[PDB]
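We've got the same protein chain twice here, in two forms, each standing alone as structure tokens: structure 1 and structure 2.
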Structure 1
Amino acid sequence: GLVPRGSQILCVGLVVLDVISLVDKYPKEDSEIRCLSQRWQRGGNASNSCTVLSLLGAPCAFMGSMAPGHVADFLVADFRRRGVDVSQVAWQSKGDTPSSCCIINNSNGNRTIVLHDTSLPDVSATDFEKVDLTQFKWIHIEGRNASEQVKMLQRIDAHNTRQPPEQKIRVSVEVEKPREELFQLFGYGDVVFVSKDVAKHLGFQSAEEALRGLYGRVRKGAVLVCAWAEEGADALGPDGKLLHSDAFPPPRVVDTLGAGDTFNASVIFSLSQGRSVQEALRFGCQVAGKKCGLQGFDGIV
């Protein structure tokens, strides 16, 4: 179908099928057991954020890798069930579409996770070259294969140079994995998200420390953002003013899977609507907080 120019928010990242089983007690290797319940669930950061963008009322698209098969089929159908445009998927002739097994111990809350295989090629810079950008008002990139992703950002930068300011594509990036190669991604984007887990691995004990201690790594004029779960979230821009919003805890915490992606998507959304950074931190915290008290993404409205 036809996508009006400059209307869509794109997220580039991982889609994965999570098979989530609820057990009484962790299984002894080599046993056989009945779970209490078992859910198949579309997962992955970029993928979760797409869902949140649609439910919020943004037109949005996912770009990641998949391979023909029954897993992709279920994933594509779950994407479409959430109104996500999947026409930018990078279909692959080699490799398994990512699938993960997660086992949630019902008598202690602990998650044991068999994570997907590494067989499937990441979206590459040459793949991104073939994409007509005029669709997108905002492009958000989940840091994975950094050396390639840098080329994509450089290509968006090149596109932008020629556009009137009112047709520039905003860019955001997320570094959520404590992996040296990713750290070069700070240098890109108007908005850079850093996870609590990355901050800590770099030795920072709080949002504020993380921001003050990493802002030097981001490009001129960029905003750097760090959610710290129940401690809410900070952002730091060019003006050096450390911004903050408290959390919005829900009556009781049901499900936190994807709360971080929900917050990313919500900030992006608010910013893309022309709200202030401070207004967007708040909204982010409000939406992610609400979601944490619901199963899945259903009632975040």
Structure 2
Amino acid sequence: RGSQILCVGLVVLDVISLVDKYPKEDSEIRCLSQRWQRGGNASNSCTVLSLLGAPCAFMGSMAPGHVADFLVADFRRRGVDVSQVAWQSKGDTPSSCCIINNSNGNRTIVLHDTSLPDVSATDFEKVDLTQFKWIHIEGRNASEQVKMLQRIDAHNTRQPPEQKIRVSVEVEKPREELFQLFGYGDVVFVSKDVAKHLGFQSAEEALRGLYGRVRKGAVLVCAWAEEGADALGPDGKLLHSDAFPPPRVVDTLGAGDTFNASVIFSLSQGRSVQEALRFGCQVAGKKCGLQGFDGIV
């Protein structure tokens, strides 16, 4: 069957305040405007995949309430298949305050991480893999997710190399539990932040450094903000793309997630890595000159 891309990670309620300068501690400013957004990484990518025309599904934990009710209404307005959601009985829907600096698009996030339990190999074991051509996993609970990945590798072995499910991993946080995911998946996304918190000061360094850790045959991608992004495949040849900066950067909240969704969409449509990188930077760049996600397509 396999027409859908699945993203596994967080859905968070983003309570957003657009200010024109980042307030100095102990001071007080008035925001230009405010809004609510369905956020969290896997969730954001689903938004982006949807907008690009790719049928997709989200999978993460949500706790029933008025909050979950809004997040789902939004998922459904987008056409994001939520049927894979691991509903919880104990815990709250995470949320966060996001101050977005309108003069330069900087975004500052205060996350309220609830009790809410992550999805587990248990919940995942319960999933119909034959619906998906691509599966992307937001690194969080490594122990449990590695399990999930193996269930997919093991599912690929019993498949025509034609009908194999493509797998991508994001390692966005500098915490060590996650460095095992490097690891699995055809495509591995590592953030500038991780890369720096590990000694590296350029996208090309990070890639020469970390290529050691990836499933043989994998592509490692590392974006570097206004500097574009680089990728490195089995052949050893470094690939680069210049960023596409909008003329006014006004909102970079979910720029990384836009990059990733875009890279995945492109690879999932047959494109070269070079083309998918370029496209990643192109949509990310365009989103930086917009409030939210509407208007990138």
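Numbers follow structure 1, counted from its first residue as 1. C-alpha atoms forming the largest set that superposes within 1.5 Å between two forms make up the rigid core.
- When the two forms are superposed on their rigid core between structure 1 and structure 2, the C-alpha shift of 2 Å or more among 105, 145, 184, 87 belongs solely to 105.
- Superposed on the core, the two forms barely differ at residue 202: its CA moves less than 2 Å between structure 1 and structure 2.
- In the core-superposed comparison between structure 1 and structure 2, residue 28 has its Cα shifted by at least 2 Å.
- A displacement of 2 angstroms or greater separates the C-alpha positions of residue 38 between structure 1 and structure 2, with the rigid core held in common.
- Relative to the superposed core, residue 49 moves its CA by 0.3 Å between structure 1 and structure 2.
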